[PDB]
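Visitor: How does the following fold in three dimensions:
(2 chains, ligands or ions: 6)
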Number of protein chains: 2
Amino acid sequence: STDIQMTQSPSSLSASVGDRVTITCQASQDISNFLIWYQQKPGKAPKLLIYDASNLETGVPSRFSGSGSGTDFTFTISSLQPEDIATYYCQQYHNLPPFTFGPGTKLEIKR
Amino acid sequence: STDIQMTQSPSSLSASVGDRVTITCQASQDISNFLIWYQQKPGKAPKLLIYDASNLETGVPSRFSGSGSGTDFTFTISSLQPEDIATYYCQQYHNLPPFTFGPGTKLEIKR
Ligand SMILES: [Zn+2]
Ligand SMILES: [Zn+2]
Ligand SMILES: [Zn+2]
Ligand SMILES: [Zn+2]
Ligand SMILES: [Zn+2]
Ligand SMILES: [Zn+2]
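Guide: Numbers count the residues shown, from 1 in each chain, chains lettered A, B, ... in the order given. Ligands and ions are numbered 1, 2, ... in the order given. Below, you will see the structure:
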């Protein structure tokens, strides 16, 4: 398919350390499991956490996970840590460029 | 290949309006022409400018161009404009995830 739109919700949220947080990402058309999740902090490139929708990238903490296939996807942090403050993006790569990005979800955590 | 490292230079730069600006990207292994260039504005998702190394995305200003194939790539702004302030990333997609990002080039204008 072409002209695929990616959406994310919430656009921003605040939580507390130890909380379980789940954010969502939707593709306007089916993209199977070709969905990546990034974590981006200030002054750094997006960091790969999840690929193929649910595959945890090597080295990434196990408190991160993803699920979904088709159009609806989720990303979960099982127990928040202060360093998890970041913007989280989803990206589809079902076929060819563009590998459309979601608008991102900005997570804050109380200190 | 696997475990491909992407590098970028400069990591940041300041230039003047009208300047011709060239930034570079390297792949630790042969990625052919599977190389994308993004422009990321503060708080926003990365915007596609160039794909397949040298193909200018529809709507993207002509002052942007990309070249290179294999392991070295260049992104050029023929005439720097005030609206070009952003961080620029390259991304490889030669085969499977990770679609490795370069660490980015932060561009600012000296006015
Ligand atoms: Zn398609
Ligand atoms: Zn791997
Ligand atoms: Zn390979
Ligand atoms: Zn090859
Ligand atoms: Zn080659
Ligand atoms: Zn080289």
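
Visitor: Which single residue in chain A comes nearest to ligand 1?
Guide: Per C-beta to the ion, residue A:1 is where chain A lies closest to ligand 1, at 3.7 Å. (C-beta placed from N, C-alpha, C; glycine too.)

Visitor: What is the burial count for that residue?
Guide: 11 (other C-beta atoms under 10 Å in any protein chain shown).

Visitor: So the residue lying closest to it once chain neighbours are set aside versus residue B:48, what's the distance?
Guide: Leaving aside its sequence neighbours, residue A:1 sits nearest to residue A:29 (C-beta to C-beta, 6 or more residues apart in numbering or on different chains; 4.2 Å). Note on residue A:29: its distance to residue B:48, by C-beta to C-beta, to the nearest Å, is 18 Å.

Visitor: what about those two, which has more around it?
Guide: Taking neighbours as other C-beta under 10 Å, residue A:29 and residue B:48 compare with residue B:48 leading, 20 against 13.

Visitor: What's the local residue count around residue A:81?
Guide: Neighbours of residue A:81 using other C-beta under 10 Å come to 12.

Visitor: Just give the closest residue to it, not the sequence neighbours.
Guide: residue A:17 (6.3 Å).

Visitor: again, but for residue A:52
Guide: residue A:33 (5.1 Å).

Visitor: tell me, what residue is most central in chain A?
Guide: residue A:37 (3.6 Å; C-alpha atoms, centre = their mean).

Visitor: Any figure for the gap between that one and ligand 3?
Guide: Between residue A:37 and ligand 3 the distance is 22 Å, computed by C-beta to the ion, to the nearest Å.

Visitor: mind exporting stretch A:16-25 as PDB, just the C-alpha atoms?
Guide: Output of stretch A:16-25 as PDB, limited to C-alpha atoms (Å, rounded to 0.1, in the frame of the first residue of the first chain):
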ATOM      1  CA  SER A  16       5.500   8.000  38.200                       C
ATOM      2  CA  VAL A  17       8.500   5.800  38.600                       C
ATOM      3  CA  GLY A  18       7.400   2.200  38.900                       C
ATOM      4  CA  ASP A  19       4.200   2.700  36.800                       C
ATOM      5  CA  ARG A  20       3.300   0.500  33.900                       C
ATOM      6  CA  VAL A  21       2.800   2.600  30.800                       C
ATOM      7  CA  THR A  22       1.200   1.700  27.500                       C
ATOM      8  CA  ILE A  23       1.100   4.000  24.400                       C
ATOM      9  CA  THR A  24      -0.500   3.300  21.000                       C
ATOM     10  CA  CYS A  25       0.300   3.600  17.300                       C
END
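
Visitor: Same question for that stretch: list its buried residues.
Guide: A:21, A:23, A:24, A:25 (16 or more other C-beta atoms under 10 Å in any protein chain shown).

Visitor: likewise stretch A:1-17?
Guide: Quick answer for stretch A:1-17 (16+ other C-beta under 10 Å): A:4, A:6, A:8, A:15.

Visitor: Dump those to JSON lines, plus distance to ligand 5 and secondary structure.
Guide: Output for the buried residues of stretch A:1-17, formatted as JSON lines (distance: C-beta to the ion, whole Å; DSSP: H, G, I helix; E, B strand; the rest coil):
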{"residue": "A:4", "distance to ligand 5": "29", "secondary structure": "coil"}
{"residue": "A:6", "distance to ligand 5": "30", "secondary structure": "strand"}
{"residue": "A:8", "distance to ligand 5": "35", "secondary structure": "strand"}
{"residue": "A:15", "distance to ligand 5": "45", "secondary structure": "strand"}
